[PDB]
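The primary structure of each chain is shown beneath.
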Amino acid sequence: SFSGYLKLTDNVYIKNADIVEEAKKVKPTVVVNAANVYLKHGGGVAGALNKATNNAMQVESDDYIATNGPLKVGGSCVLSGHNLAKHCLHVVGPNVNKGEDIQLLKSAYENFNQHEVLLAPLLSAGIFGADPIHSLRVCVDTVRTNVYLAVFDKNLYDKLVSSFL
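Residues numbered from 1 in each chain as written, not as in the entry; some residues may be left out. Heavy atoms only, no water.

Going by the header, the method for this PDB entry is X-ray crystallography, and the resolution given is 0.9600 Å.

Before going further, it helps to examine unusual backbone geometry. Even without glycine at this site, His 82 takes up a positive phi of about 50°. The class of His 82 is partly exposed, set by a relative accessible area of 29%. Although it is not a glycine, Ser 124 adopts a positive phi angle of roughly 70°. Checked against the element boundaries, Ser 124 lands in the loop between strand 6 (117-120) and helix 5 (132-142). The buried category is assigned to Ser 124, whose relative accessible area is 3%. (Buried < 20%, exposed > 50% of the residue type's maximum accessible area, 1.4 Å probe, protein only. Helix = DSSP H or I, 4+ residues; strand = E, 2+ residues; numbered from the N terminus.)

Burial analysis of strand 5 (residues 87-91) places four of its five residues in the buried class, which makes it a mostly covered element. As defined by bridge partners, strand 3 (residues 30-34) adjoins strand 5 across five bridges and the pair is classed as parallel. Along strand 5, the bridge assignment pairs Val 30 with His 87. The pairing of strand 4 (residues 76-80) with strand 5 spans five bridges and is classified as antiparallel. (Pairing = 2+ DSSP bridges.)

It is worth spelling out the nonpolar core at this point. By size, the foremost hydrophobic cluster in this structure holds 28 residues, and its most contacted members are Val 32, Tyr 109, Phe 112, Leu 136 and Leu 149. Contributions of two or more residues to this core are made by strand 2 (12-16), strand 3, strand 5, helix 4 (104-110), strand 6, helix 5, strand 7 (146-151) and helix 6 (154-162). Element by element, the count of residues in this core is highest for helix 5, at four residues. Among the nonpolar cores identified, the runner-up in size contains 16 residues, and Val 20, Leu 84, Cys 88 and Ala 150 belong to it. (Core = buried A, V, L, I, M, F, W, Y, C linked by side-chain atoms within 4.5 Å.)

Have a look at this one:
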């Protein structure tokens, strides 16, 4: 199962890890993708997860969009986890580089509550332009299920832990 995590709260855990390598190792029930509304997995967490699936995540995602249309900012869909997980929960945090409302971050994290345990990145962090410290606060204040956060950047991991509360 999940190893090497620091416990932040009753249900939130954090680790300096590459979410792709963590998913490959753990093969969890649910890995969260930092998706966009088009499920175009070009970069960041999504590009990395998709590359690890040999583009199978993208092909499945393109069929999902062709059938259902785009997700909402704050929304999610459950698709296959391919070789990484049983399921991939594609969650759209707001991209503040696009001027999307940061208040949708809480809505984004509420999707996690539909799953008892998740491996996840910090939503709206990285290339989505939000402050990861804020994202972690929203996560701890919103998610009630067990969430194992993988933070790739060691300096950010250290900042998130050392400034927590």
